[PDB]
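Peer 1: Before I ask anything, here is the structure I am working with.
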Amino acid sequence: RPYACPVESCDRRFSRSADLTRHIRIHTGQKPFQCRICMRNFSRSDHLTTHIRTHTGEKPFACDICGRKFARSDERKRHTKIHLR
DNA sequence: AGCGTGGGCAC
DNA sequence: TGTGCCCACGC
Ligand SMILES: [Zn+2]
Ligand SMILES: [Zn+2]
Ligand SMILES: [Zn+2]
């Protein structure tokens, strides 16, 4: 990991500089992506997309066992295991 | 549960 | 780099 975060209080190191560039947003407080519905700002475009589903009710991920739908794949993943014994 | 949000990284 | 997934933790 050649790329160290230059912020004094931070000890994170990255394999790729582009990842350090994304990381630095934490320290600069930069949130370039805004939700046009509630005007909230987010650090990443991926997180803005899933956030928008909280407004639209879009839930693309259905449980294979019971059909319950979720906005995110990881939510469905956390859910499916409840069907275990 | 609902969902913010960082880290890894494919493309 | 931008875009956007998986994974994982947190409240
Ligand atoms: Zn840092
Ligand atoms: Zn919003
Ligand atoms: Zn289910």
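Labels used: A, B, ... for chains in the order of the structure tokens, numbers from 1 for residues in each chain, and numbers from 1 for ligands as shown.
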May I have the residues of chain A within 10 Å of chain B, counting only C-alpha atoms (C1' of nucleotides), written as an MDAnalysis selection string?
Peer 2: chainID A and resid 14:16 19 22:23 26 42:44 47 50:51 54 70:72 75 79
Peer 1: Once you count only C-alpha atoms (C1' of nucleotides), which residues of chain A turn out to be within 9 Å of chain C? Could you give them as a list in words?
Peer 2: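 Only these qualify: residues 18, 45, 46, 73 and 74 of chain A.
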Peer 1: For the residues in the current selection, export N, CA and C atoms as a short mmCIF file (atom, residue, chain, number, x, y, z; two decimals), in the first residue's frame.
Peer 2:
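Saved as selection-v2.cif:
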```cif
data_model
loop_
_atom_site.label_atom_id
_atom_site.label_comp_id
_atom_site.auth_asym_id
_atom_site.auth_seq_id
_atom_site.Cartn_x
_atom_site.Cartn_y
_atom_site.Cartn_z
N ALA A 18 -6.46 6.30 -6.66
CA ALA A 18 -7.83 6.72 -6.91
C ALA A 18 -8.71 6.45 -5.69
N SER A 45 -21.76 8.66 -5.67
CA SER A 45 -22.89 8.50 -6.57
C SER A 45 -23.64 7.19 -6.34
N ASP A 46 -22.91 6.15 -5.95
CA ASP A 46 -23.56 4.88 -5.72
C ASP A 46 -24.54 4.96 -4.54
N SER A 73 -29.25 -4.99 -2.42
CA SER A 73 -28.91 -6.41 -2.46
C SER A 73 -28.40 -6.92 -1.11
N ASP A 74 -27.65 -6.08 -0.40
CA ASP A 74 -27.13 -6.48 0.91
C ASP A 74 -28.24 -6.60 1.97
#
```
Peer 1: Sort by chain and increasing residue number a table of all residues of chain A within 7 Å of ligand 1, each with its closest pair of atoms and their distance in Å to one decimal, counting only C-alpha atoms and all ligand atoms, and write it as a tab-separated table.
Peer 2:
```
residue	atom	partner	partner_atom_place_in_ligand_line	distance
A:5	CA	ligand 1	1 (Zn)	4.5
A:6	CA	ligand 1	1 (Zn)	6.7
A:7	CA	ligand 1	1 (Zn)	5.5
A:10	CA	ligand 1	1 (Zn)	4.4
A:11	CA	ligand 1	1 (Zn)	6.4
A:12	CA	ligand 1	1 (Zn)	5.5
A:23	CA	ligand 1	1 (Zn)	6.4
A:24	CA	ligand 1	1 (Zn)	5.8
A:27	CA	ligand 1	1 (Zn)	6.6
```
Peer 1: As a quick test: using only C-alpha atoms (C1' of nucleotides) and all ligand atoms, which residues lie no more than 9 Å away from ligand 3? Give them as number ranges by chain.
Peer 2: A: 62-69, 76, 79-83
Peer 1: Extract the full set of helix (DSSP H, G or I) residues from range 16-78 of chain A according to DSSP on the backbone, and format it as a ChimeraX atom specification.
Peer 2: /A:17-23,25-28,45-56,73-78
Peer 1: Taking only C-alpha atoms (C1' of nucleotides) and all ligand atoms into account, which residues are within 6 Å of ligand 2, as a ChimeraX atom specification?
Peer 2: /A:35,37-40,52
Peer 1: Report, in Å to a single decimal, how far apart CA of residue 58 in chain A and CA of residue 32 in chain A are.
Peer 2: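 Rounded to one decimal, the two atoms are 23.2 Å apart.
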Peer 1: What's the separation between CA of residue 28 in chain A and CA of residue 8 in chain A, in Å to one decimal place?
Peer 2: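 CA of residue 8 in chain A lies at a distance of 13.1 Å from CA of residue 28 in chain A.
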